[PDB]
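> Using only what follows, build the 3D model:
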Amino acid sequence: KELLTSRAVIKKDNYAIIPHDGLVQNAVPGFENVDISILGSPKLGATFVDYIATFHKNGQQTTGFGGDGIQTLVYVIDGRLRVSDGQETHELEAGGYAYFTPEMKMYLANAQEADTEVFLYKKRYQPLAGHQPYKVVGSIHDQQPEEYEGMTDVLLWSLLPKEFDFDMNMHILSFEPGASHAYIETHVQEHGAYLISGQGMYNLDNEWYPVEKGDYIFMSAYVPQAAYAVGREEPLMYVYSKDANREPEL
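Residues are numbered from 1 along each chain as shown. Have a look at this structure:
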């Protein structure tokens with residue numbers, strides 16, 4: 001057996017790098033034939049809960065995932081997934097996703113026999129007079145990404161409408177080798193990020209760390225952050241969430 005080592009970095013209410021190697025299976029109610037690990041959550045300092053899961057043959061969520069004030073979003077990293085609210089159902093392929101409102105529960109089922117990798121997220125919805133969220137189902141493959149911050153070597157996908165009807169959004173960033181954010185950011189919004197491709201050097205609280213596909217990164221409110229894409233076999237890509245379009249409550 002190899003020496004016990006880990007590149008995990010956990011700094012509550014600051015930031016966290018959670019490599020795939022240190023995860024364990026959590027028994028999440030409703031999930032069957034699914035290996036699922038809880039990643040970001042309130043105890044880490046996040047105001048949401050996200051998960052990484054591998055649906056096996058006959059893998060499914062049978063009791064209804066979100067609901068009762070909690071909105072949800074699932075993103076298919078690889079494979080095929082069936083998502084339903086009990087009335088309408090959708091078949092999602094890699095790159096596909098579904099956002100359910102805080103009133104509807106999400107039921108899931110692997111759409112193939114082979115394993116399907118999915119990223120799950122939930123957040124209690126914060127209402128705003130005159131606005132209301134609505135169900136969104138789509139695929140990154142049917143969307144034209146934007147040049148992030150006007151840069152040609154960094155592409156940004158936005159899964160939800162940039163409207164006040166929503167109190168959050170989910171994005172996918174893709175960097176060409178050597179590319180990077182235009183500057184180190186410090187903002188109130190949080191991020192729950194899961195790397196799905198490549199490698200990078202990530203600045204977290206002004207400390208730089210090598211990161212890679214399979215790594216989960218939690219960025220608390222205000223933590224200095226930015227990254228350089230590194231490696232040349234594939235682009236650095238990660239899906240990440242963020243609270244948005246609302247004001248902090250006192």
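> drop to CA atoms for contacts and neighbour counts, all remaining ones
Noted.
> Can you name the residues that contact the nearest residue to residue 126 once chain neighbours are set aside?
Nearest non-adjacent residue to residue 126, counting by Cα to Cα, 6 or more residues apart in numbering: residue 167, 6.4 Å away. Contact analysis of residue 167 by Cα atoms under 8 Å, 6 or more residues apart in numbering lists 125-127, 243-246.
> so how many other residues sit close to residue 158?
Look at residue 158: counted by other Cα atoms under 10 Å, it has 19 neighbours.
> Relative to residue 19, how far out is it?
In this view, residue 158 and residue 19 are 25 Å apart by Cα to Cα, to the nearest Å.
> Show me what counts as buried in the biggest strand by length in the chain.
With secondary structure taken from DSSP state E, the chain has its longest strand at strand 49-61. By neighbour count on 16 or more other Cα atoms under 10 Å, the buried set for strand 49-61 is 49-57, 59-61.
> what's in contact with whichever helix or strand comes after it?
The helix or strand immediately downstream of strand 49-61 is strand 70-78, counting by DSSP states H and E. With Cα under 8 Å, 6+ apart as the test, strand 70-78 has contacts from 65-66, 92-104, 106, 116-125, 196.
> Where strands are concerned, which of the residues you listed count?
Among the contacts of strand 70-78, the residues falling in strands (DSSP E) are 92-93, 96-100, 116-124, 196.
> Just the terminal-to-terminal distance for stretch 181-188.
18 Å.
> now swap in stretch 51-70 and tell me
15 Å.
> How about stretch 210-223?
17 Å.
> Same check on stretch 212-227?
12 Å.
> how about that stretch: buried residues?
In stretch 212-227, counting by 16+ other Cα under 10 Å, buried: 212-221, 223-227.
> next one: that stretch to chain centre, how far?
11 Å (Cα atoms, centre = their mean, to the nearest Å).
> And for stretch 154-173?
11 Å.
> Using CSV, list the CA coordinates for that stretch.
Extracted C-alpha coordinates of stretch 154-173, given in CSV (Å, rounded to 0.1, in the frame of the first residue of the first chain):
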residue,chain,number,x,y,z
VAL,A,154,-11.5,31.3,-23.1
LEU,A,155,-15.1,30.3,-23.7
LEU,A,156,-18.1,30.7,-21.4
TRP,A,157,-21.4,28.7,-21.5
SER,A,158,-24.3,29.9,-19.3
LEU,A,159,-27.0,27.3,-18.6
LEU,A,160,-29.7,29.6,-17.2
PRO,A,161,-31.1,32.9,-18.5
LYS,A,162,-29.3,36.0,-17.1
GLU,A,163,-32.6,37.3,-15.8
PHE,A,164,-33.9,38.4,-12.3
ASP,A,165,-36.4,35.5,-12.5
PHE,A,166,-33.4,33.3,-11.4
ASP,A,167,-31.4,33.7,-8.2
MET,A,168,-28.4,31.7,-9.6
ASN,A,169,-26.8,30.4,-12.7
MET,A,170,-24.5,27.5,-13.8
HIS,A,171,-21.7,27.9,-16.2
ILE,A,172,-19.0,26.0,-18.0
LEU,A,173,-15.7,27.6,-18.7
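> on that earlier part again, restricted to buried residues, select the ones in strands among the contacts of strand 70-78 in ChimeraX.
This is the ChimeraX syntax for the buried subset of the ones in strands among the contacts of strand 70-78, where burial follows 16+ other Cα under 10 Å:
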select :92,93,96,97,98,99,100,116,117,118,119,120,121,122,123,124,196
